[PDB]
Every structure is written in structure tokens, then in C-alpha cells.
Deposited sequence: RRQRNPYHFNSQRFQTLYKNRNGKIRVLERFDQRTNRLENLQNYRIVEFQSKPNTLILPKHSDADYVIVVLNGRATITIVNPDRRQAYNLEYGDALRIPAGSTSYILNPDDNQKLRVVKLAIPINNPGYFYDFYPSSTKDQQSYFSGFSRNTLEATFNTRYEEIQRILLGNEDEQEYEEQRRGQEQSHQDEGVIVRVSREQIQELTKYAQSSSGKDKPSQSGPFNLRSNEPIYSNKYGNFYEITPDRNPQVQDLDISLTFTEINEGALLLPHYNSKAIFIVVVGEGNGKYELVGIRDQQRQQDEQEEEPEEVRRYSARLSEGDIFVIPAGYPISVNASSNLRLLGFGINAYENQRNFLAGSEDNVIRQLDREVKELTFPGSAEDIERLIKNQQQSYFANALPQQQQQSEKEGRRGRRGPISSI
């Protein structure tokens, strides 16, 4: 539409990196592609990863940090080190920092639930770009071991290339059949990087795992549910959870807050602005619209600019620091918030009866600030008795189907 939305990143702007019959691994366009208004976010990327019941992403390490949030189902994740090796179950809500270089792999042990993970990634080397290192050799990726010379591999493993090749790599087989339809496996596990897993294996693999279930609190060891603490804002229109970095060792070096806002249908996250935090917002569920307010630099009276977009499962949108936002709900809307620059943030609501900086003004300034009489503004301001969330005067039925 005339006057576009730089800050809106619909579902579609995910580029598939990897689809096989067991899961997908999408990544979102670089925040600074079309826009040049989102430069401070040049490093961050958003990955959605998805898998089907009883499945396994093969071991991977990346040149990037990861903050996992399970927006759907269960997974055991394992994280492997030079020294120890770990494993956590993770339920809906759970988040987890995978540091940069950790060998990890994620199993979906559920029997009928797809796994849905959304990852913020912070590249280490180059800005907006990381890569996935697999030891596995599939028809889809090769091992890094392949990038070594036979001599080097042979010294390395202390083994005839022919034995390495047979065991770690794979042999010459340069044709094709790849037709006919049913389902089974390939090589050993449904070929590719996302493979089908046996219960035998799920049982073995989960047996080590540190169970979540109980909503674990932001520590430095295991997963932490974004609903662990009591809502920060809670009433009968929604819930607002949030873990600020300073109270969360696992990410405090990344200076990320994480939020989980549930907006009930016909409800409205009343307008606020984030004082220093740039928020990357992720739709898990529901439908709605938002209104972000900017000053159109463009290039008489300084014009403000609404940047609106419909919302739905999968979309990303971004909230620049200082920019007032508000968010509707046609259907029960659930949002995941990655707040960059979040340490010391303060969310300033602009309506209703808490953290309302407009009311916190000096009487006589309200006076000078708005055309109404002082008293008219206290009354008006006070007409919204709900805080944080309210009713949005929703649409409904009447002579309608």
C-alpha cells in the first residue's frame, strides 16, 4: 500500500533453507534488506525450525548464538561439548540459549505433535550471516570432514581413507531412482538432515534428559519458561510476561529481554513505547492488527506515521525504541518478543491507570500540552480504568455469517 511497512515481516519473507518430509528450517530476510532504517538489527536473524513427531535434526554447530523459544509442542534438545553432554526436554513456552559452537541436535519425541521453534540468532563472524556445520553426510549436506584432504583425514582418524569413507562419509554412487511412493527410511534414517527416529531411540535419548514440565526459572544451566514468573501485566484482557536480561544469566551478555504477551480476543495491548529496547515480535498464534507510530522524516507540522499490518501465525514485526505501539486481537493473539538493547528498558504506557507517563505529568503542563482545560484532561485520561490491556470494542455478528 502507498507508504509501505519496513517494520513488518510477514510469514512469506521467510526463505526455506531446508525442507524434507520430516521438517523444515526457514530463516527470515535480513532486517536491513529493503529498509536501511533497521541497521542496529543488522546482525540478528530469525530462524523458525519445524519438525514432525518422532524426528531428529542431525548434530549441528553454528557460528552464531541462539535463543530458542518453543512456540508449539515438545522436544528433547541435546548440547554436546568437548567435556560433558547435556539434554533437556522443552515444553511450550521454554527458551534456551545455545551458545556459539555448541554441538547440538533436536529430537521431537512426541507421537502426534509437530515441534515449532523460533530462534533469534546473533552471528559471530559476519553480520547477518552464519552457517550450519554438520558432521553427517547426507544427500543434502556433506560433512566438514569432506573438506579435508584424504591425507589429512587419514592422519586425523588414523585410518585408511577407504574405512573413513565407508564409516563417516559415504561412497561413490552417481545416479538416481528417487521415485515410487510409500515411506520407510534411507541409508539408515529418513535421508537428509531431518530424519525419522525409532521409539527404541527416543527412549534411549530422552533417558538422560533433564525434564522441564515444571516452569523452570531463568538460571544459567537449563531451559526457562517465559511464563515462569507471574505476569508482569495481568488483567482480564491479556497476560504480559517478560524476563529482563539482568535477571537472566543465560542471556545477560546478549542484553535481550524476552516477552510473552497473550492478548485475549477483542482485547488490546494499550499504546506504549519501549524506552531503549528495540523489540522483535513473533506471532505464535491468533490474528490481529497493530499500529506503530513513527515520525516520517520523508525527504509545515511534523507528520507522524502509522505503520499498520494484519497479523497471523508466523509473522514478524519490529518495534523501534521510542516508537509507540498498540496491538489488537481478532483471535487469541500470542506474541514472542525479542527485545534488543533491553537492559534498563522501561515500557511507558500512554493510556489507562498504570505506568501512564501522560498522567504522571505536572498538572499545569497537561494544561499547556493539550487544548483541553487541565480538569478536562484528568477526567479524560481517567476514563480508562483498565491498565496495560483493555477492550477493543471488537467486531462481531448481526445479520451476518
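Legend entry - Ranges of the deposited sequence (numbered from 1) for which no C-alpha atom is modelled: Since the structure holds only modelled residues, the stretches it omits are 300-307, 410-423.
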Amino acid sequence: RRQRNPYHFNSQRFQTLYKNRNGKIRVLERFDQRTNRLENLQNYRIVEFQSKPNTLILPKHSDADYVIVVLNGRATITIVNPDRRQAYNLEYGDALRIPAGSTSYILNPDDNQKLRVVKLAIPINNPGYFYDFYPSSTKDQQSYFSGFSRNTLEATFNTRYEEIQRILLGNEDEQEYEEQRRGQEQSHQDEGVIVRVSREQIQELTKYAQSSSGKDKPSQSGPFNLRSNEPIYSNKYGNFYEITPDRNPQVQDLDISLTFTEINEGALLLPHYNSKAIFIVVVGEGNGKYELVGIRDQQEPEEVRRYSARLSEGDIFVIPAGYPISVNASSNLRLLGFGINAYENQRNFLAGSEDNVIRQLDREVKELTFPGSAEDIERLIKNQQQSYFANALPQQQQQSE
From here on, numbers count along this sequence of modelled residues.
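Inset, instruction - Could you settle it for me: does 203-211 or 156-164 have the higher average Cα B factor in the PDB entry? - result: So the stretch with the higher mean C-alpha B-factor is 203-211.
Legend entry - Segment of higher mean CA temperature factor, 245-253 or 174-182: Per the PDB record, 174-182.
Inset, instruction - Name the residue from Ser51, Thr35, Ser353, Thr369 with the greatest C-alpha temperature factor listed in the entry. - result: In the PDB entry, the greatest C-alpha B-factor among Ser51, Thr35, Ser353, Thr369 is found at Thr35.
Inset, instruction - Name the residue from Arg84, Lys276, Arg305, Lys119 with the greatest C-alpha temperature factor listed in the entry. - result: Across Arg84, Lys276, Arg305, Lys119, the entry lists the biggest C-alpha B-factor for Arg84.
Legend entry - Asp216 by Cα B-factor - lowest, middle or highest third of the modelled chain: For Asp216, the deposited C-alpha B-factor lands in the highest third.
Inset, instruction - Give the position of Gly222 by CA B-factor within its chain, expressed as the lowest, middle or highest third. - result: Its C-alpha B-factor belongs to the highest third of this chain's values.
Legend entry - Third of the chain, ranked by Cα B-factor, where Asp376 sits: Highest third of the chain for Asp376's C-alpha B-factor.
Inset, instruction - Taking the chain's C-alpha temperature factors as the reference, tell me which third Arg74 falls into: lowest, middle or highest. - result: Answer is middle: the recorded C-alpha B-factor places it there.
Legend entry - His272 - which third its CA temperature factor falls in, relative to the rest of the chain: Lowest third - that is where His272 ends up once the chain's C-alpha B-factors are sorted.
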